[PDB]
């Protein structure tokens, strides 16, 4: 179950070669974003980029160690610099990944000083923790009164080992404790945020924003696509071929001599009345009521949308689709509605409403806040994946060999390799490339 030393070498070199440019680009993206705007996510990504670049730069030393079958073939004095450059990022990374995913989650689900403090604390924890254990209890450390270089064990003559032959009785509790705090806790935070991002999308909008998107806003009377006098947020004034009749209905509905021009507050009031009317139209129609009642929130909005555009009786004529919707036969319903004159007359809007019926999500309505929520979900999902795939096995190895010290070194070796590939997968998931 031992990897050939060449395979290990190659795996570390590949992570190094890819990780260096990837993290230089990530740092640059993050640095351009903070400097232009200045946001928490950018700060966490910058710290994650710097830490990954530090890990990256340490990897060639891990590579040559592998080629030497675990022996340290470099000056002994390099071992402490390697110690910090390699393992501080291996623990700090998870903290920054969780922070980023929490920043993205909160910024999108609930739309500077904190960020930097949080990063300082992560760094302070990792450096004091590793430094104090290492400084105190590593071979050559404060407690060692021998002629030993700091961090070097020599299990047999001529065979110095940096870190990896360290007494598990010292290294194990340190690894274990820090893995709980800086991996497993972040993992749970990241999973929580990922779930939160998904729920936020599921209920991240409503009929009002959806119809605003579909209807837009005009303050002066205009002719809709059929040529009827219309105002505000898709408010039909009249079908009549008469501007005066249109002005007269406008004035009546507001309580004022508008002269065909209204404010944004007034348009918003009408819009509210029209949506209530469309909702009341549904509830007093024997064909629409039971369908509406059986529907989740997002699909109710789609049905309200149709009624707002076509009125209760128009929508009630779609008897097959309605039946489908009540039976939760989404795709069958969509196939029917696609054949409608409605789909033929206004296909962009009809596709958006019908897609909303098929999926039950707001994805057809790519508003700024929806895309920000999508962005957040992808970042937390990517973070979850990189936590589980890369530094995950390493930290699980730390936990396992602490609880079961009977375990051999095989699992730790592989966990170190997957941990090193975090320098590749991290910059790819944080979203700051280009």
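Numbering follows the first chain given and starts at 1.
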*Between residue 111 and residue 112, how many deposited residues lack coordinates (none, 1 to 3, 4 to 9, 10 or more)?*
4 to 9
*Mean Cα B-factor comparison, 31 to 39 or 371 to 379, giving the higher one as deposited*: 31 to 39
*Entry-level comparison of average CA B-factors, 203 to 211 and 129 to 137, reporting the higher stretch*: 203 to 211
*When the CA B-factors of 175, 352, 299, 252 are compared as recorded in the entry, which is the largest?*
252
*Please pick out which of 148, 361, 190, 238 has the largest Cα B-factor as recorded in the entry.*
148
_When the deposited Cα B-factors of this chain's modelled residues are ordered and cut into thirds, is residue 120 in the lowest, the middle or the highest one?_
lowest
_For the chain shown, is the CA B-factor of residue 73 in the lowest, middle or highest third of its modelled residues?_
middle
*Could you tell me which third, lowest, middle or highest, the C-alpha B-factor of residue 285 occupies within its chain?*
highest
_Assigned third (lowest, middle, highest) for the C-alpha B factor of residue 271_ = highest
*Would you mind ranking residue 365 by its C-alpha B-factor against the rest of the chain and naming the third, lowest, middle or highest?*
highest
